[PDB]
Amino acid sequence: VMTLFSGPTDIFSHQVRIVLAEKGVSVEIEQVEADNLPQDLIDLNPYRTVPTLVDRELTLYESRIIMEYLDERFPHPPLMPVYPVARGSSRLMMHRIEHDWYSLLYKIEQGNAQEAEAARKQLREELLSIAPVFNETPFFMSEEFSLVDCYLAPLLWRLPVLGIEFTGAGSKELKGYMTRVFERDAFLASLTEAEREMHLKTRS
Amino acid sequence: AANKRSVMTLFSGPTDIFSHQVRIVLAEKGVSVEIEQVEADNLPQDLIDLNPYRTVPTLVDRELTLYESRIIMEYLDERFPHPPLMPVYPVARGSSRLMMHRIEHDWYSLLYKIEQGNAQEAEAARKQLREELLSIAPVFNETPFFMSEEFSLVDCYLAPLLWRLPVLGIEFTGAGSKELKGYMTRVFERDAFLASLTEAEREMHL
């Protein structure tokens, strides 16, 4: 009885779809045309946004709220640290990723050529700057896939549609992270057809 | 350095609604904390070194630096369980987080339009906010706090907003005013709320 209303290429919906796949819970997923909930379903979410999760009598929106709900409701596998301090670090990194990087993604998608390129340049350089972080661990500042990777993975997956290509200093490091995460069963299972179309290896 | 002290440090804005939320939670938990009210023109060096965005509120507890009041408040609730400011179960917790999100999205945005918009906009925002707040009156006939039997982080979002109504030129009369005023009395009289106020915030009710 758990239903997720998702944007087929919506990065926020993708985050939730990865979590749902990781948790392995039974769920009905319905893709909308674009990035909005049908006007007739406004009763489910006054803001008519996706992702919107309906699990029994509880309706939730805002991917961040949905992901924590799923992690608290379905403990295994754990996607957050168990202790308060590292949990704060994780929530903060998730927030920084969304505020610093998903904002650039938004400017690239909604901007004219000039705005898009300026956002693109900044996003590309910043992503490459954190490359050293991976020479240390398999996942983002962790040895286990977590919600932080649920934020970073959908973003890096979209590099092709953002018009970004990694080469030079740091590219090898980022690509290694991308390969590790993109190869996971849950990540592959999280993909919609429109998302699979983005890369050769998943394209049908 | 703040990150080297054995006591928490909160960098706060004297009239910042978000810092107020955090100060209420610190008082409720009764933890030792050194609170520094900052000035935009001359921020303390530790804030600059630990928070690249130079914003408030910022909590420094040992080697951990947090910003974004929501993250700080949940950190405090998880690190210091007594007294509980969040529900225990997943479903109730989800609803609580959703309400905090809606209060900030629907009401904190009107507060900003009221303070930085032109007369026409400010007045339009002032009228919308007043109406919406009075519309939740029925809630207080069901429970003493906002959709809860006990004071929680949701009230830590709503209280600072209602405390600022005087500066927003809003006053409750008519239908629902009794309910809203009863809630305000209940939260504004709490030890933690009084303890959370800065002198500047107190003057908002002169």
# chains A, B, ... in the order shown; residues from 1 in each chain; ligands from 1

$ interface_residues --of "chain A" --to "chain B" --cutoff "6 Å" --atoms "only C-alpha atoms" --output "PyMOL selection string"
chain A and resi 69+72-73+84+88

$ write_last_selection --atoms "C-alpha atoms" --output "PDB file, in the first residue's frame"
ATOM      1  CA  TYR A  69      11.305   8.442   7.200  1.00  0.00           C
ATOM      2  CA  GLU A  72      13.811   5.222  10.456  1.00  0.00           C
ATOM      3  CA  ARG A  73      10.910   3.010   9.417  1.00  0.00           C
ATOM      4  CA  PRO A  84      24.460  11.886  16.921  1.00  0.00           C
ATOM      5  CA  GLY A  88      24.879  15.800  12.099  1.00  0.00           C
TER       6      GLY A  88
END

$ residues_around --residues "range 100-102 of chain A" --least-positions-apart "6" --cutoff "9 Å" --atoms "only C-alpha atoms" --output "compact mmCIF listing (two decimals) with N, CA and C atoms, in the first residue's frame"
# COMPACT_ATOMS: atom_id res chain seq x y z
N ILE A 11 15.71 14.70 -10.17
CA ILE A 11 16.81 14.27 -9.31
C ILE A 11 16.38 13.96 -7.89
N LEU A 123 30.18 24.23 -11.00
CA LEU A 123 29.83 22.89 -10.56
C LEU A 123 30.97 21.93 -10.88
N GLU A 126 34.16 22.53 -8.67
CA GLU A 126 33.93 22.11 -7.30
C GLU A 126 33.89 20.59 -7.15
N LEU A 127 33.19 19.90 -8.06
CA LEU A 127 33.12 18.44 -7.98
C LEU A 127 34.52 17.84 -8.06
N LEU A 155 23.19 13.10 -8.92
CA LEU A 155 23.78 14.30 -9.52
C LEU A 155 24.85 13.91 -10.56

$ select_by_dssp --residues "range 47-113 of chain A" --states "helix (DSSP H, G or I)" --output "PyMOL selection string"
chain A and resi 63-73+84-110+113

$ residues_around --residues "range 24-26 of chain A" --least-positions-apart "4" --cutoff "12 Å" --atoms "only C-alpha atoms" --output "ChimeraX atom specification"
/A:1-4,17-20,55,70-71,73-77,185-187,189-190

$ write_last_selection --atoms "C-alpha atoms" --output "short mmCIF file (atom, residue, chain, number, x, y, z; two decimals), in the first residue's frame"
data_model
loop_
_atom_site.label_atom_id
_atom_site.label_comp_id
_atom_site.auth_asym_id
_atom_site.auth_seq_id
_atom_site.Cartn_x
_atom_site.Cartn_y
_atom_site.Cartn_z
CA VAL A 1 0.00 0.00 0.00
CA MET A 2 3.04 2.30 -0.30
CA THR A 3 2.88 4.51 -3.41
CA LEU A 4 5.57 6.90 -4.68
CA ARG A 17 14.00 5.69 -5.58
CA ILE A 18 17.56 4.70 -4.60
CA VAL A 19 16.57 4.54 -0.92
CA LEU A 20 13.47 2.45 -1.72
CA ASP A 55 2.29 4.99 2.88
CA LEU A 70 12.28 5.38 5.17
CA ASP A 71 15.56 5.03 7.06
CA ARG A 73 10.91 3.01 9.42
CA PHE A 74 13.06 0.38 7.64
CA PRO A 75 16.37 0.20 9.62
CA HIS A 76 18.16 -2.32 7.43
CA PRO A 77 20.29 -1.70 5.55
CA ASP A 185 22.11 -3.39 -7.71
CA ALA A 186 19.97 -0.84 -5.89
CA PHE A 187 21.20 2.05 -8.01
CA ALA A 189 17.10 -0.80 -9.96
CA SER A 190 16.34 2.82 -9.03
#

$ atom_distance --atom1 "CA of residue 146 in chain B" --atom2 "CA of residue 107 in chain B"
14.5 Å

$ residues_around --residues "residue 132 in chain B" --least-positions-apart "4" --cutoff "10 Å" --atoms "only C-alpha atoms" --output "CSV table (one decimal) with C-alpha atoms, in the first residue's frame"
chain,number,residue,atom,x,y,z
B,106,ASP,CA,4.3,29.0,4.2
B,107,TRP,CA,4.8,31.4,7.1
B,127,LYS,CA,-3.1,40.0,5.9
B,128,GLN,CA,-2.4,36.5,4.6
B,136,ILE,CA,-5.2,27.0,13.0
B,137,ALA,CA,-7.2,28.0,16.1

$ residues_around --residues "residue 205 in chain B" --least-positions-apart "2" --cutoff "10 Å" --atoms "only C-alpha atoms" --output "MDAnalysis selection string"
chainID B and resid 163:167 200:203

$ closest_residue --among "A:165, A:35, A:149, A:143" --to "residue 125 in chain A" --atoms "only C-alpha atoms"
A:165

$ residues_around --residues "residue 139 in chain B" --least-positions-apart "6" --cutoff "10 Å" --atoms "only C-alpha atoms" --output "list in words"
residues 145, 146, 147, 148, 179, 180 and 183 of chain B

$ write_last_selection --atoms "C-alpha atoms" --output "PDB file, in the first residue's frame"
ATOM      1  CA  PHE B 145       0.706  22.515  21.716  1.00  0.00           C
ATOM      2  CA  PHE B 146       0.792  22.503  17.924  1.00  0.00           C
ATOM      3  CA  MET B 147      -0.638  19.110  17.039  1.00  0.00           C
ATOM      4  CA  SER B 148       1.004  17.658  20.122  1.00  0.00           C
ATOM      5  CA  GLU B 179      -7.151  30.014  20.918  1.00  0.00           C
ATOM      6  CA  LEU B 180      -4.033  31.646  19.486  1.00  0.00           C
ATOM      7  CA  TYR B 183      -1.205  29.003  22.913  1.00  0.00           C
TER       8      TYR B 183
END

$ closest_residue --among "A:97, A:66, A:85, A:174" --to "residue 139 in chain A" --atoms "only C-alpha atoms"
A:174

$ atom_distance --atom1 "CA of residue 1 in chain B" --atom2 "CA of residue 41 in chain B"
20.5 Å

$ residues_around --residues "residue 188 in chain A" --least-positions-apart "2" --cutoff "12 Å" --atoms "only C-alpha atoms" --output "list in words"
residues 14, 17, 18, 19, 21, 22, 153, 154, 157, 179, 180, 181, 182, 183, 184, 185, 186, 190, 191, 192, 193, 195, 196, 199, 201, 202 and 203 of chain A

$ atom_distance --atom1 "CA of residue 7 in chain A" --atom2 "CA of residue 51 in chain A"
6.8 Å

$ decode --residues "range 115-161 of chain B" --atoms "N, CA and C atoms" --output "mmCIF file, in the first residue's frame"
data_model
loop_
_atom_site.group_PDB
_atom_site.id
_atom_site.type_symbol
_atom_site.label_atom_id
_atom_site.label_comp_id
_atom_site.auth_asym_id
_atom_site.auth_seq_id
_atom_site.Cartn_x
_atom_site.Cartn_y
_atom_site.Cartn_z
ATOM 1 N N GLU B 115 8.751 42.144 6.169
ATOM 2 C CA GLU B 115 9.878 42.968 6.584
ATOM 3 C C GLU B 115 10.734 43.577 5.489
ATOM 4 N N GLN B 116 10.710 43.006 4.294
ATOM 5 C CA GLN B 116 11.547 43.560 3.246
ATOM 6 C C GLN B 116 10.840 43.893 1.934
ATOM 7 N N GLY B 117 9.515 43.810 1.930
ATOM 8 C CA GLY B 117 8.775 44.126 0.724
ATOM 9 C C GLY B 117 8.248 45.546 0.778
ATOM 10 N N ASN B 118 7.704 46.039 -0.333
ATOM 11 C CA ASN B 118 7.163 47.395 -0.340
ATOM 12 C C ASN B 118 5.875 47.403 0.471
ATOM 13 N N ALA B 119 5.386 48.594 0.799
ATOM 14 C CA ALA B 119 4.166 48.744 1.590
ATOM 15 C C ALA B 119 3.009 47.863 1.125
ATOM 16 N N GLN B 120 2.752 47.861 -0.176
ATOM 17 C CA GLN B 120 1.662 47.065 -0.734
ATOM 18 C C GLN B 120 1.868 45.564 -0.463
ATOM 19 N N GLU B 121 3.065 45.068 -0.775
ATOM 20 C CA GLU B 121 3.413 43.661 -0.582
ATOM 21 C C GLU B 121 3.393 43.279 0.894
ATOM 22 N N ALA B 122 4.037 44.103 1.718
ATOM 23 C CA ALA B 122 4.102 43.871 3.156
ATOM 24 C C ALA B 122 2.700 43.754 3.741
ATOM 25 N N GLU B 123 1.805 44.644 3.320
ATOM 26 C CA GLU B 123 0.433 44.638 3.812
ATOM 27 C C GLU B 123 -0.310 43.396 3.342
ATOM 28 N N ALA B 124 -0.059 42.980 2.103
ATOM 29 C CA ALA B 124 -0.716 41.793 1.568
ATOM 30 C C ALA B 124 -0.233 40.558 2.333
ATOM 31 N N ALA B 125 1.065 40.519 2.639
ATOM 32 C CA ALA B 125 1.662 39.402 3.373
ATOM 33 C C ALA B 125 1.167 39.421 4.812
ATOM 34 N N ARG B 126 1.048 40.623 5.359
ATOM 35 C CA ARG B 126 0.580 40.783 6.717
ATOM 36 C C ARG B 126 -0.838 40.212 6.865
ATOM 37 N N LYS B 127 -1.699 40.496 5.887
ATOM 38 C CA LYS B 127 -3.072 40.006 5.920
ATOM 39 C C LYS B 127 -3.159 38.496 5.732
ATOM 40 N N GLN B 128 -2.340 37.958 4.836
ATOM 41 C CA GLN B 128 -2.364 36.519 4.607
ATOM 42 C C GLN B 128 -1.895 35.786 5.861
ATOM 43 N N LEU B 129 -0.776 36.224 6.432
ATOM 44 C CA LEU B 129 -0.230 35.571 7.626
ATOM 45 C C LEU B 129 -1.218 35.599 8.782
ATOM 46 N N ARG B 130 -1.823 36.757 9.023
ATOM 47 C CA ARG B 130 -2.782 36.866 10.108
ATOM 48 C C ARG B 130 -3.932 35.874 9.932
ATOM 49 N N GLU B 131 -4.477 35.795 8.718
ATOM 50 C CA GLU B 131 -5.589 34.893 8.428
ATOM 51 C C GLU B 131 -5.215 33.427 8.613
ATOM 52 N N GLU B 132 -4.058 33.046 8.094
ATOM 53 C CA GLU B 132 -3.647 31.661 8.179
ATOM 54 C C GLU B 132 -3.381 31.231 9.606
ATOM 55 N N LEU B 133 -2.780 32.112 10.401
ATOM 56 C CA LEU B 133 -2.491 31.773 11.787
ATOM 57 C C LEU B 133 -3.801 31.583 12.537
ATOM 58 N N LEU B 134 -4.739 32.506 12.349
ATOM 59 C CA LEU B 134 -6.028 32.392 13.023
ATOM 60 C C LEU B 134 -6.775 31.147 12.562
ATOM 61 N N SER B 135 -6.470 30.669 11.363
ATOM 62 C CA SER B 135 -7.160 29.487 10.852
ATOM 63 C C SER B 135 -6.789 28.203 11.589
ATOM 64 N N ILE B 136 -5.626 28.178 12.230
ATOM 65 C CA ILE B 136 -5.232 26.971 12.958
ATOM 66 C C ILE B 136 -5.781 26.934 14.385
ATOM 67 N N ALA B 137 -6.611 27.914 14.748
ATOM 68 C CA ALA B 137 -7.178 27.971 16.098
ATOM 69 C C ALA B 137 -7.725 26.627 16.597
ATOM 70 N N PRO B 138 -8.559 25.948 15.787
ATOM 71 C CA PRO B 138 -9.148 24.648 16.152
ATOM 72 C C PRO B 138 -8.133 23.635 16.694
ATOM 73 N N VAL B 139 -6.908 23.702 16.188
ATOM 74 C CA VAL B 139 -5.859 22.806 16.640
ATOM 75 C C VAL B 139 -5.717 22.911 18.158
ATOM 76 N N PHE B 140 -5.702 24.134 18.676
ATOM 77 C CA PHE B 140 -5.510 24.331 20.110
ATOM 78 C C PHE B 140 -6.680 23.927 20.997
ATOM 79 N N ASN B 141 -7.763 23.505 20.360
ATOM 80 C CA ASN B 141 -8.910 23.024 21.106
ATOM 81 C C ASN B 141 -8.756 21.515 21.250
ATOM 82 N N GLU B 142 -7.856 20.934 20.457
ATOM 83 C CA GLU B 142 -7.600 19.503 20.514
ATOM 84 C C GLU B 142 -6.389 19.180 21.387
ATOM 85 N N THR B 143 -5.324 19.966 21.254
ATOM 86 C CA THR B 143 -4.112 19.745 22.038
ATOM 87 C C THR B 143 -3.541 21.086 22.510
ATOM 88 N N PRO B 144 -2.820 21.089 23.644
ATOM 89 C CA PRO B 144 -2.221 22.315 24.188
ATOM 90 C C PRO B 144 -1.118 22.903 23.302
ATOM 91 N N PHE B 145 -0.379 22.047 22.603
ATOM 92 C CA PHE B 145 0.706 22.515 21.716
ATOM 93 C C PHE B 145 0.297 22.294 20.260
ATOM 94 N N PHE B 146 1.168 22.648 19.327
ATOM 95 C CA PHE B 146 0.792 22.503 17.924
ATOM 96 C C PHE B 146 0.782 21.056 17.476
ATOM 97 N N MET B 147 -0.425 20.491 17.430
ATOM 98 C CA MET B 147 -0.638 19.110 17.039
ATOM 99 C C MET B 147 0.187 18.169 17.899
ATOM 100 N N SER B 148 0.232 18.472 19.190
ATOM 101 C CA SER B 148 1.004 17.658 20.122
ATOM 102 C C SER B 148 0.581 17.924 21.559
ATOM 103 N N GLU B 149 0.636 16.875 22.373
ATOM 104 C CA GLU B 149 0.291 16.974 23.780
ATOM 105 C C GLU B 149 1.429 17.659 24.547
ATOM 106 N N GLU B 150 2.649 17.554 24.026
ATOM 107 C CA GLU B 150 3.794 18.168 24.684
ATOM 108 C C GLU B 150 4.594 19.112 23.775
ATOM 109 N N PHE B 151 5.226 20.106 24.389
ATOM 110 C CA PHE B 151 6.048 21.072 23.672
ATOM 111 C C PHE B 151 7.080 20.289 22.835
ATOM 112 N N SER B 152 7.216 20.622 21.549
ATOM 113 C CA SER B 152 8.172 19.920 20.666
ATOM 114 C C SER B 152 8.915 20.882 19.740
ATOM 115 N N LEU B 153 9.777 20.338 18.880
ATOM 116 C CA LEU B 153 10.517 21.171 17.921
ATOM 117 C C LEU B 153 9.552 21.934 16.992
ATOM 118 N N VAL B 154 8.341 21.410 16.794
ATOM 119 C CA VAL B 154 7.387 22.114 15.947
ATOM 120 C C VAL B 154 7.049 23.462 16.612
ATOM 121 N N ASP B 155 6.868 23.453 17.932
ATOM 122 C CA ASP B 155 6.567 24.691 18.670
ATOM 123 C C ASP B 155 7.813 25.598 18.702
ATOM 124 N N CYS B 156 8.999 25.001 18.561
ATOM 125 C CA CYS B 156 10.236 25.763 18.536
ATOM 126 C C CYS B 156 10.319 26.556 17.233
ATOM 127 N N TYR B 157 9.531 26.152 16.233
ATOM 128 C CA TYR B 157 9.443 26.856 14.940
ATOM 129 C C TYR B 157 8.366 27.924 15.020
ATOM 130 N N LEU B 158 7.214 27.556 15.571
ATOM 131 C CA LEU B 158 6.088 28.473 15.661
ATOM 132 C C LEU B 158 6.222 29.592 16.698
ATOM 133 N N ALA B 159 6.718 29.273 17.894
ATOM 134 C CA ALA B 159 6.857 30.271 18.960
ATOM 135 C C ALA B 159 7.622 31.542 18.555
ATOM 136 N N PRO B 160 8.845 31.402 18.003
ATOM 137 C CA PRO B 160 9.632 32.572 17.581
ATOM 138 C C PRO B 160 8.876 33.441 16.572
ATOM 139 N N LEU B 161 8.063 32.805 15.732
ATOM 140 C CA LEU B 161 7.279 33.543 14.737
ATOM 141 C C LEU B 161 6.190 34.346 15.435
#
